[PDB]
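Asks:
Number of protein chains: 2
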Amino acid sequence: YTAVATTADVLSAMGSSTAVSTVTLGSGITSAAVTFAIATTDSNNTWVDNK
Amino acid sequence: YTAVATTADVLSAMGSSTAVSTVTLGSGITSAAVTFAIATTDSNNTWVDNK
Numbered sequence: 357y358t359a360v361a362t363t364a365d366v367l368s369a370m371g372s373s374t375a376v377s378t379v380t381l382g383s384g385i386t387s388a389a390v391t392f393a394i395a396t397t398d399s400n401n402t403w404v405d406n407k
Numbered sequence: 357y358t359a360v361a362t363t364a365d366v367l368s369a370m371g372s373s374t375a376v377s378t379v380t381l382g383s384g385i386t387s388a389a390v391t392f393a394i395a396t397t398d399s400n401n402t403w404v405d406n407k
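For the record, the sequence lines run as chains W and S.
According to full-length UniProt numbering, the first sequence holds residues 357 to 407 in order.
According to full-length UniProt numbering, the second sequence holds residues 357 to 407 in order.
#1: Less than 8 angstroms between the C-beta atoms of S:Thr396 and W:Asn401, yes or no?
#2: Would you give the residue range spanned by the beta strand (DSSP E) that S:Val390 belongs to?
#3: Compile a chain-ordered list of the residues in the stretch 368-398 of chain S whose CB is closer than 9 angstroms to at least one CB of chain B.
#4: Can you tell me where the beta strand (DSSP E) with S:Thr374 in it begins and where it stops?
#5: What residue range does the beta strand (DSSP E) around S:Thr402 cover?
#6: Ordered along the chain, which non-local residues of its own chain (more than five positions away) have a Cβ less than 8 angstroms from that of S:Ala393?
#7: Just confirm the distance between the C-beta atoms of S:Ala369 and S:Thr380, as a whole number of angstroms; I'd bet it's less than 8 angstroms.
#8: Using a cut-off of 7 angstroms between C-beta atoms, extract the partners of W:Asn401 located in chain S.
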């Protein structure tokens, strides 16, 4: 009642990278981010929310 | 004629990759580092002085 809880189900849905591209290719104010290389040898990449 | 002149040139005479490996392996008290990825995935590797 001070620290907040959450129920979570790992649906494993949304898995197809084609759907991931489409949803991240057009949203509202959703500024996403991807780390897409070696943990030693990477950074983060955001985008414009709407496209 | 008081301060020594400098005629610095880009020689690249140390260009051999195996040569660079040897110099970075048998170096003295050094802190040589490698940048080996593009800026979105860039990283720096820092290793011991002579190993």
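The beta carbon of each residue, even a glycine, is placed where N, CA and C say it ideally should be.
Replies: Walking through what the data contain:
#1: As a position in the second sequence, residue 396 of chain S is number 40, starting the count at 1. As a position in the first sequence, residue 401 of chain W is number 45, starting the count at 1. Going by beta carbons, S:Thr396 and W:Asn401 fall inside the 8 angstroms limit.
#2: One-based indexing of the second sequence puts residue 390 of chain S at position 34. For S:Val390, the enclosing beta strand (DSSP E) stretches over residues 389-391.
#3: Chain labels in this structure do not include chain B; the protein chains are W and S.
#4: Here residue 374 of chain S refers to the residue found at position 18 when the second sequence is read from its first residue. Bounds of any beta strand (DSSP E) do not take in S:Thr374; it lies within the alpha helix (DSSP H) bounded by 373-381.
#5: The count along the second sequence starts at 1 and reaches residue 402 of chain S at position 46. Looking at the DSSP string, the run of the beta strand (DSSP E) that includes S:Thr402 is 400-402.
#6: Position 37 of the second sequence, counted from the start, is the residue given in the question as residue 393 of chain S. Around S:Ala393, the same chain offers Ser399 as residues with beta carbons nearer than 8 angstroms, after the five sequence neighbours per side are excluded.
#7: Position 13 of the second sequence, counted from the first residue, corresponds to residue 369 of chain S. Position 24 of the second sequence, counted from the first residue, corresponds to residue 380 of chain S. Between S:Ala369 and S:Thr380, the beta carbon gap of about 16 angstroms keeps them out of contact (Cβ cut-off 8 angstroms).
#8: The sequence position of residue 401 of chain W within the first sequence is 45, counting from 1. Result: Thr396.
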